[PDB]
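Before anything else, here's the structure in question.
Letters A, B, C, D, E and F name the chains as they come in the text, with residue numbers starting at 1 for each one.
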């Protein structure tokens, strides 16, 4: 699963050999214990990351130019009625996602419209999609943070960064109303690789696979 | 109320003297008909780590620096008995000194 | 929350938690058990 | 060939629906599992015991969290006599608008459920005041449950699984468990009590932030290193004292006044502090007894083989018995379950008369539910103890290993034991029913003075010996000139005498002839249950109708219609028949307890005294009079908070009747009906495409008895709990 | 052959004497397994190192001069709050311990990060290992003593040393255990 | 399937094979009885455990013994 791991000293899962890119050994639940399932989940991760990148850059631009808050932007008035806006959005997506699904069925790439792959100028190379996957995952983490700072802080990303720069000792996640829960979660996440290490050390062989409802790895147990 | 150090020391010295000079010849005879050669003896054999824990310790069968068989374990046990008896006597003296009479009248 | 910081309960905690553990949890249990008992070999 | 029974390959070869039921029923019968050795069996039992411990700790952690979240523990702390405890909120989306309104009890907003478990009184007694402390308790118990689950996972890996001889270490396990699991555990309990609950009962808040800054006793451990332990009992709490404040209180941490608190109607906190301290000291002393790696100690086999009386009194005595108990896990399980059931019965008989929690005696339904719950738990544990003793007798019992000992001699004259048990059971039942019917008909003819009222003289004589002066017996500890009264006259006599001469509490109630008759009926129930369980245990391996019962396993249906008929011949069947008598006997004891205490709380003890003699009065004034509020839970004119109790009452009736459905009819008529249903499904349009993979077969006879007993007991327990709680809570 | 552990000549069964600081101290026999022996000698060495760091921090803080003692230093006003301290405190040392364990699984020794010998200055003598082990045991006993000072005497360790120096008889175990029940109220 | 065992107490009235409507039991020559016969169970996998041979057995205790357990599609008597 690549020489670089999700924590130092991790062992790759048996299904997660590292043939496909972006692999770091991070599979505790092992949703993708099937090649078709794994490639579908890679496609879904790429799409959620791409939409996350688009949303994050849109929020950054709108907060830089002074447009108002995005979670309150749905209550703002706009030209064209909202019902017919949803209607035309559904109508155009019933063609766009259809072409995407057919192209993924015949090719597997994440193309657009009638061009599969939609690469007109042509810099397709494995490091490019590696960088895209990394930036995409960082973008969904950023969008989750944006939603969190819209919920509890009630301010935009730029205002949250300004408050972090003004007083980083007391303006953070851990001094907020979600502070002690975040401390507990990060404590659990710090302990978590070490319990896995103890399971690997004491369970020297056998399988010790995580048997869960979402995967059929319990059949071999 | 009886002073604690003199009572505790006297009780534990009496119990240690009873254990060494009196109760020791009766000791190592009840155990000889308990863990002797032809009878029970060792409950385990010794192959694994969880099975060697029931084996006897290393410091309880070495030899007898005392002229009798009074070892460190016997010293600790009879000293515990002496501390128990001294604390019992001190507790009875304390209950008497509080004006409360435990005995039937 | 104040004086309730371990396992903070929201006000919508029963109205959300009861239908997963009466609806979704028995369904996952039923499906997992049915795939278990019917597994061949 | 399936693999859902992984422990049993043969069960996986069964193509019928019996595979799922037998796989679920023999899931943890590891001794009969395929390819299982002794050491792996013991390791699996260790892991399962850790899992049960984790489940118990998770359950009590959830109880703490639910009380801290949706309860009214602060309001109960402010006013225990007025505010009712709350167990959990009721979020049922099928509830109606009157249903939500009619369940906001205890001064709450949403629909909540009134707690009868008694944890409010217990937690107020041990010093828990704020719900923050209950939250910390819940998260700590969840953490320790996770720790126990990890430890159960820990002792299943290589280089961590203990050996077979580690489990068979008899002397050191007893030493360590007696010294630590009981001794320093009780010492830590009384230390926590003295540190927290004793100041919290006197208006002094003790917590993790300031327990190192406050002191339990003003003398400050100077009594302990000296001998002056009487300083700890110098200024106890006075009669005019409140449990929430320090009005007329004293600075004493270990006292022995005895009796009950005048306000809380419960035992004194310092009494329990000295009690657990003395128990801790005695258990730590007794835990240094058995032989370990050091040269001192006692060996169990030496004591067993030495205790053989001469002249052939017990034959070989207790020789050869150490290996019998050690090798057979069912012997240890039966002994443990017998002791656990006896202790549970003792607990039930001792919390009600001596309430250990503040304001527990005021909460009548709480005490009744606690008594009935622990009595039924004790009885089920008794039945399990006798069943597992029978399992020992059939599975692992070598007469050649222990020949001529107490076990072989008990098996030698087992017919005499069974016959004498049958004689005493028949005699008790015959005479008790004779006087009950006699007093029934005598009361029916309009002349109740002709009924046979045998006054209980032995138990009232004992009560006079224990200090009850109502009967006027000139006895020891009741007369001032007796040496028993003079001994302890200034220690705990004026508290115990004041508590036992007050009829308002539950300490040693006055007993009449009906009390004596119901006591002998209880003795009859215990005797008959003992008779059947003992006979099934002794006939578990051999009988004159079937000598080779040991070759057919513990739980087998029958031997056939030959030799006159061999239905219910197994010791498992003896257990299954004994559970009904157990249910009837505990029903009798709980009927007696509930009716006597209900008449005590209502103040009309004369009604119970003159009505418990004859069974018609028993029925009319217990099952009919107290059920008026029960069945009015959801009357068409009006509905109130007793709707769950009437619904649960009828639910218990329905499950009892389904138990009757499984109990009367037997498999063999059901197989033909299921065959006709098979022909119906297989041979119909639009449904022959859907076909079963497990063949539908009827429930096996052992399975039939088990499910009939399960529905029987579930319906019994639910309907009795519903009636008891509704009847006690409708009036008070 | 060894200086042994206590007077009586014990021929210890499992402890031959090749361990650093081996004296034969095992009256119950807890480490009969070799894997358990190596895991627990590594744990003993780490606990000794932590004990030395703890006691030296305590004496350095008391000698340098701080307004708040070591047993009350948790509840003190700092530049970073307790809520913002424990996330990175768990995270970075969980990283360190995970790297240490995943290296110790094959090396069998200690080590900060990657360079597991961790000896830029050398002098890795067995005498130094024995000195480290016994100095760690001494610091372990010292930290236990310090904790019991903070429990009973409610004072700093060097202050307790000064009290035993000024009045050796009148400040001993008997005085602070029986003669002074008012240690909570500022002695 | 079920386990059917015949002990040496058999003396050969050749009636336990008539009471079994499943052709489980067969009769082999022997020398330990007057009738020089002994019951045998070649098709022991076809037995359901109906114990009719036990009803037909006149010896005390019975020479033929049928032990339940490990049920299959033929020992359960299902035609489906």
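Please note the rule applied: a contact is a pair of C-beta atoms (placed from the backbone, for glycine too) under 8 Å apart; a residue touches a chain by one contact, two chains touch by 3 or more.
K.L.:
Enumerate, in label order, the chains that touch subunit B and subunit E alike.
P.N.:
Intersection of subunit B and subunit E contact lists gives D.
K.L.:
Identify the chain whose mean C-alpha position lies nearest to the mean of all protein C-alpha atoms shown.
P.N.:
D
K.L.:
Once every inter-chain C-beta contact is counted, which two chains account for the most?
P.N.:
Going pair by pair, the biggest contact count turns up for B-D.
K.L.:
Taking each chain's centre as its mean C-alpha position, how far apart are subunit A and subunit C in Å?
P.N.:
25
K.L.:
Roughly how far is subunit A from subunit B, going centre to centre by Cα mean, in whole Å?
P.N.:
The separation of the two C-alpha centroids amounts to 69 Å.
K.L.:
Indicate the whole-number Å distance between the mean C-alpha point of subunit A and the mean C-alpha point of subunit E.
P.N.:
So the centroids are 45 Å from each other.
K.L.:
Could you list which residues of subunit A touch at least two other chains?
P.N.:
As it turns out, subunit A has residues touching two or more other chains at 180.
K.L.:
Where does subunit E touch two or more other chains at once, residue-wise?
P.N.:
Within subunit E, the residues that touch at least two other chains are 28-29, 33.
K.L.:
By the touch rule stated above, which residues of subunit C touch at least two different other chains?
P.N.:
Residues 5, 39 of subunit C touch two or more partner chains.
K.L.:
Go through the chains and record each pair that touches.
P.N.:
A-C, A-D, A-E, B-D, B-E, C-D, D-E, D-F
K.L.:
Across the complex, what residues on subunit A touch subunit D?
P.N.:
202-205
K.L.:
Of all residues in subunit C, which touch subunit A in the complex?
P.N.:
Subunit C residues touching subunit A: 1, 5, 8, 28, 31-32, 39.
K.L.:
Where on subunit C is subunit D touching in the complex?
P.N.:
Within the complex, subunit C contacts subunit D at residues 3-7, 9, 14-15, 18-19, 36-41.
K.L.:
Subunit D touches which residues of subunit E in the complex?
P.N.:
It comes out as residues 28-29, 33, 35, 151, 177-184.
K.L.:
Can you list the residues on subunit A that touch subunit E in the complex?
P.N.:
Residues in contact with subunit E: 7-9, 169-170, 172, 174-175, 179-180, 182-183, 186-187, 189-191, 193-194, 197, 201.
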